[PDB]
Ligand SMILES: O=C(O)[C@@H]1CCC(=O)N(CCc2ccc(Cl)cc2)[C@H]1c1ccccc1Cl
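The data below hold one chain only, encoded as structure tokens and taken in the form deposited without the ligand.
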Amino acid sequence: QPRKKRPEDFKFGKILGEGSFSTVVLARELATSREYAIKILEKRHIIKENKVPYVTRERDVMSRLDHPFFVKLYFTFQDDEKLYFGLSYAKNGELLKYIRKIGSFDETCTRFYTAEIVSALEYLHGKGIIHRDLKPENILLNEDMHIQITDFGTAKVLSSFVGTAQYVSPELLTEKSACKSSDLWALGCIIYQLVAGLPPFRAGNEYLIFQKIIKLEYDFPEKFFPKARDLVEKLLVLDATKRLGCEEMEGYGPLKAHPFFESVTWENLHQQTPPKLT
């Protein structure tokens, strides 16, 4: 093992973002010039808020992932007050940024990024890991414009937590259980948001959004790519055992074979040149 890193090994730079229990800061390792996104978590706050399980799971899940469509965890260390996780620096930021910037994706762009997401979910589910809070804010983009999915402290590892309201699956509201097919529901919402520019269930507060989700209350705009609409319809299904991609629907084969993805080559997407946005 390389020796444990420590804060004095880095020149810390700008804050990349701030969350409830952590802050992500750009850092340059002095010995190498390499840049990392270092997530910094204060131990007292985690302990006080009973978040030890989530921080431990984040580290344990990330250390298991070895795939190009996920943020990598390179190292961890801690001082008296703080934990530090050394992550890949995804230089192009959140997918959410591009959706806002561009408005909505054309069909080529929608299909390519949707295929990367499906391919990442196939890998994650194959290891028995459910993300449980998938959304455009934690699907990051590297400097080559491939995805890197992050934000694993809320993940479930298969042998309590409700995600961002827009992407919450009806089973979490109707019987508090999560399964692989909950991530496929979020996938449906994300595909919808790429094409439409907005997520499918929106309202002025969380209670109202939850009410639309359990009623399957959303509509497609007139413009929506027909094969993408057909795919979203087969993912936003109330019954979690009937979503394309789930085990009871015979898994990722039938999803990857959906007509929306006809021209996709699945085997080497990360070596393909992404289509330019917009």
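Residues carry their position along the shown sequence, with the first being 1.
What comes next is about the form deposited with the ligand bound, which does not appear here.
Would residue 241 show up as a contact with the ligand in the entry with it bound if we use heavy atoms at 4.5 Å?
So residue 241 does not count as contacting the ligand.
Does residue 28 make contact with the ligand in the entry with it bound, using a 4.5 Å heavy atom cut-off?
It does not: once the ligand is placed as it appears in the entry with it bound, residue 28 has no heavy atom within 4.5 Å of it.
So in the entry with it bound, does residue 108 come within 4.5 Å of the ligand, heavy atom to heavy atom?
Result no; residue 108 lies far from the ligand in the entry with it bound.
Please run the contact check for residue 185 against the ligand in the entry with it bound: heavy atoms, 4.5 angstroms, yes or no?
Judged by the heavy-atom cut-off of 4.5 Å, residue 185 is well away from the ligand in the entry with it bound.
Partner-facing stretch of 215-223, 51-59, 243-251, 230-238, counted where any non-hydrogen atom is within 4.5 angstroms of the ligand in the entry with it bound:
Single hit among the candidates: 51-59.
Candidate from 83, 172, 117, 179 lying within 4.5 Å of the ligand in the entry with it bound - any heavy atom
Checked against the cut-off, the match is 83.
What residues in 33-54 sit within 4.5 Å of the ligand in the entry with it bound, counting heavy atoms only?
Stretch hits, in order: 43, 46, 47, 52.
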